[PDB]
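Everything on this sheet refers to the single structure shown next.
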Amino acid sequence: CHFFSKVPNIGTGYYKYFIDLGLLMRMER
Amino acid sequence: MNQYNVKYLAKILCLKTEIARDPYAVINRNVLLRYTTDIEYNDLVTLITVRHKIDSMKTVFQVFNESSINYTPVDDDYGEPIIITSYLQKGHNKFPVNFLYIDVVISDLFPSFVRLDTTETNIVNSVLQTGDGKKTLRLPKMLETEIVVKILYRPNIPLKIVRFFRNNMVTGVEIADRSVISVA
Amino acid sequence: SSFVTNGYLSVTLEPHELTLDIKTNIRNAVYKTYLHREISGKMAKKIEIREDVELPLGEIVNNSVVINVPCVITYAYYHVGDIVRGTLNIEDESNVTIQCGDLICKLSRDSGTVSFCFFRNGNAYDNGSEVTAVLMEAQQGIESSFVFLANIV
Amino acid sequence: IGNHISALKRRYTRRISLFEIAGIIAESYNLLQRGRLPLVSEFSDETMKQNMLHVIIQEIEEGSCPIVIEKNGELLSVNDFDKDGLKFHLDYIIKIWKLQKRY
Amino acid sequence: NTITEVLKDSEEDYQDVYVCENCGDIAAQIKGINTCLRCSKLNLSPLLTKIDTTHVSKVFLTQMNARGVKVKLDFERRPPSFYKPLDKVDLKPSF
Ligand SMILES: [Zn+2]
């Protein structure tokens, strides 16, 4: 991971994170 | 086969008798408290008689050297010859001389071990899964030729996992498991 | 010479684009990165965004977001032997091309000559004249257009 | 008997430690700092005069945090963890932030 | 994240760099077009993908290529995932 500039699977990096766009796309100007 | 290592082997041929009686017993030194042994030594065939105190049931083992084997069943025979070999080899009834230089069973380093039944095996397999599809972890390994595997042997029950009760300095006892891998 | 499929297109967005103008940014990015580009020997001539199915979660990578936009894609492609027609174009004595709606045909050097521009492959063709050609060999596309070594029919 | 162990492990999945909440806060704070749209209720021109960490905590508490985390082959929002553990860790974090002059 | 950002190049020194998924060469930019010269010479059309690594990594890999070792990188194309509601869990004891 250090060689390729990735986040080690240690501590906070032990998990994988996404972003849920459902609520944002349900808002209208 | 000499006049001393037979007295060491007679102790292993009480754990084997116990496992013959109940394939799911826990094996360690204390089992020897329930058996008595009588040894008749000879340079060709040695006779070892094991007796269960409460049941008064007898089991007779015939011990031969690897070179000369002349086996004929007798009363209450274990049903298979016990062989002392020069080197380590596959087989539950073949023991190298390397195993019999000292009294093995009563050493403080002899393990305490057991065979898991089907329900416990299912529990272990379920616990090993990672929950992400079918990916799973693996238990550490142990060779098929160890004395532990020789003691735990039944003709119609394949052995895949062995459970050890480790001595632990701070908690007393601990539980670990190992997987048996074949040797070519 | 074309087909239609349903598939996901991957795209990358910046945090400052995660505002009320989310659909507009998604559409603009999809068009910019897949509208008229040739990839794996095919081009996506028309792209439709479903707007009626659940959007999958976005993946956070460093400081950016990755989104799989579902779409219906109209793929078009060309092969050897196809007969096409396009406007001739000459930029120098060695580069002579034929421009089409979405296709570029390159003419081999040992086919004609350039003088003045004009082309003489047995007939006089003026710079900007319309000529017919047949594709012979394929190559890598450039500036959102097919590229093919072709000979004048 | 495998179903029983599977259910026990699924329940076990719901406990929350410092690493996970710290990661969620880090993701949300990075995205907000770099210019995304806050998802608080009563959003208005006054929302931009608050402290960004107050905004993040409010989004968490009212259940509008967009971050989704994958733990044991599942996908959890910050509200699918045990509630008491969330309160426990958030109390600790807010105390130490107040010591640092962030909150 | 702290160590990941410490070992990386400064964010202000970023630039777009492409790599050929077939042979691992840093694709050149000719007349504004990304192109892998080696694979183009062989009449191939490989995929060019963007990477974000340190300069010293590129130097090391190039020098390893000098000695004859070919280093090839793949990229993850995991299928999309969707969030589903989950029932509540308490986890407190019965007291
Ligand atoms: Zn290449």
Side-chain angles (χ1 to χ4, degrees), chain C residues 1-7 9-10 30-48 71-153, chain E residues 18 20-23 25 27-49:
Chain C
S1 179
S2 63
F3 56 93
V4 179
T5 58
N6 298 19
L9 301 181
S10 185
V30 169
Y31 284 175
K32 179 181 176 181
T33 179
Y34 291 106
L35 180 53
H36 292 330
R37 308 299 178 80
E38 179 279 321
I39 303 176
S40 299
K42 53 184 179 180
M43 182 181 295
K45 202 170 180 181
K46 177 184 178 297
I47 301 179
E48 177 189 343
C71 303
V72 183
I73 310 172
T74 307
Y75 284 104
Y77 60 89
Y78 299 101
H79 61 72
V80 63
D82 287 326
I83 303 172
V84 301
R85 184 169 183 80
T87 289
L88 186 65
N89 187 331
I90 302 174
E91 294 72 359
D92 206 333
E93 302 293 351
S94 297
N95 46 16
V96 181
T97 59
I98 308 176
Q99 300 277 336
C100 305
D102 61 0
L103 175 63
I104 308 298
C105 308
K106 296 178 69 176
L107 307 179
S108 182
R109 291 181 57 86
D110 59 325
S111 59
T113 177
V114 180
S115 60
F116 62 95
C117 300
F118 301 94
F119 204 83
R120 308 298 176 83
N121 186 92
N123 305 88
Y125 305 93
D126 185 5
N127 187 91
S129 178
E130 190 180 347
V131 189
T132 299
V134 60
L135 305 184
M136 300 273 74
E137 185 173 350
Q139 294 191 358
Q140 181 187 357
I142 56 173
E143 59 270 3
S144 59
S145 302
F146 283 97
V147 174
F148 280 87
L149 306 176
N151 297 128
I152 300 173
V153 177
Chain E
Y18 286 73
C20 170
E21 291 191 9
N22 195 35
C23 61
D25 284 352
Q29 190 160 353
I30 291 176
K31 298 178 180 180
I33 287 71
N34 303 129
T35 302
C36 175
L37 310 179
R38 184 194 307 270
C39 290
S40 69
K41 232 292 183 62
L42 299 179
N43 309 95
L44 296 182
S45 58
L47 291 174
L48 308 181
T49 306

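Proteins come first, then strands; the chains are lettered A, B, ... in the order of their sequence lines, and each starts at number 1.
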Any chance you could measure [X], atom [atom1], to [Y], atom [atom2], to the nearest 0.5 Å?
{"X": "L35(C)", "Y": "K46(C)", "atom1": "CG", "atom2": "NZ", "result": "11.5 Å"}
{"X": "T87(C)", "Y": "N89(C)", "atom1": "OG1", "atom2": "CG", "result": "8.5 Å"}
{"X": "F148(C)", "Y": "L107(C)", "atom1": "CZ", "atom2": "CG", "result": "14.5 Å"}
{"X": "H36(C)", "Y": "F146(C)", "atom1": "NE2", "atom2": "CZ", "result": "11.5 Å"}
{"X": "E143(C)", "Y": "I33(E)", "atom1": "CD", "atom2": "CD1", "result": "5.5 Å"}
{"X": "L88(C)", "Y": "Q99(C)", "atom1": "CG", "atom2": "CD", "result": "10.0 Å"}

Practice prompt. Let me see the working for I73(C) and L9(C) under side chain to side chain contact (heavy atoms under 4.5 Å, CB included), right down to the final yes or no.
Written response: CA-CA 10 Å; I73(C) 310 172; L9(C) 301 181; 3.5 Å; yes

Item to complete: For atom CZ of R85(C), decide whether the heavy atoms of other residues, nucleotides or ligands shown that lie under 6.0 angstrom number more than 12.
Response: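 For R85(C), atom CZ is crowded (more than 12 foreign heavy atoms under 6.0 Å).
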
Item to complete: Assess whether side chain to side chain contact (heavy atoms under 4.5 Å, CB included) is satisfied between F119(C) and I152(C), documenting all intermediate values.
Response: CA-CA 11 Å; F119(C) 204 83; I152(C) 300 173; 4.0 Å; yes

Worksheet item: With under 30° as parallel and over 60° as perpendicular, where do the rings of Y77(C) and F3(C) fit, or are they tilted in between?
Response: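 Because their plane-to-plane angle lies in the 30° to 60° range, the rings of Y77(C) and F3(C) count as tilted.
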
Any side-chain heavy-atom pair from [X] and [Y] closer than 4.5 angstrom?
{"X": "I142(C)", "Y": "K31(E)", "value": "no"}
{"X": "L135(C)", "Y": "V80(C)", "value": "no"}
{"X": "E38(C)", "Y": "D102(C)", "value": "no"}
{"X": "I39(C)", "Y": "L47(E)", "value": "yes"}

Which heavy atom in [X] sits nearest to a heavy atom in [Y], and how many Å separate them?
{"X": "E93(C)", "Y": "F116(C)", "value": "OE2-CE2, 3.4 Å"}
{"X": "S2(C)", "Y": "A76(C)", "value": "CB-CA, 4.1 Å"}
{"X": "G86(C)", "Y": "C100(C)", "value": "CA-SG, 3.9 Å"}
{"X": "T35(E)", "Y": "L48(E)", "value": "N-CD1, 3.9 Å"}
{"X": "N22(E)", "Y": "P46(E)", "value": "CB-CB, 3.7 Å"}
{"X": "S145(C)", "Y": "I104(C)", "value": "CB-CG1, 3.7 Å"}

Discussion item. Side chain to side chain contact (heavy atoms under 4.5 Å, CB included), that's the test. Do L37(E) and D25(E) meet it? Break it down for me.
Written reply: CA-CA 9 Å; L37(E) 310 179; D25(E) 284 352; over 6 Å; no

Practice prompt. Look at the side chain of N127(C) and the backbone N and O of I90(C), then say whether any donor-acceptor pair between them is shorter than 3.5 Å.
Written response: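 Yes, the answer is positive, given that a donor and an acceptor are paired below the 3.5 Å cut-off.
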
Item to complete: Assess whether side chain to side chain contact (heavy atoms under 4.5 Å, CB included) is satisfied between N43(E) and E137(C), documenting all intermediate values.
Response: CA-CA 11 Å; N43(E) 309 95; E137(C) 185 173 350; 4.2 Å; yes

Item to complete: Return each pair, listed once, that meets ring-ring contact (aromatic ring centres under 6.0 Å, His included) where at least one residue sits in residues 84-104 of chain C; pairs must be two or more places apart or across chains.
Response: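 Checked against ring-ring contact (aromatic ring centres under 6.0 Å, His included) - neighbours excluded - no pair reaches residues 84-104 of chain C.
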
Worksheet item: Who passes side-chain hydrogen bond (donor to acceptor under 3.5 Å, both in side chains) against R109(C), sequence neighbours left out?
Response: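 With sequence neighbours excluded, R109(C) shows a side-chain hydrogen bond (donor to acceptor under 3.5 Å, both in side chains) to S94(C), given in chain and number order.
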
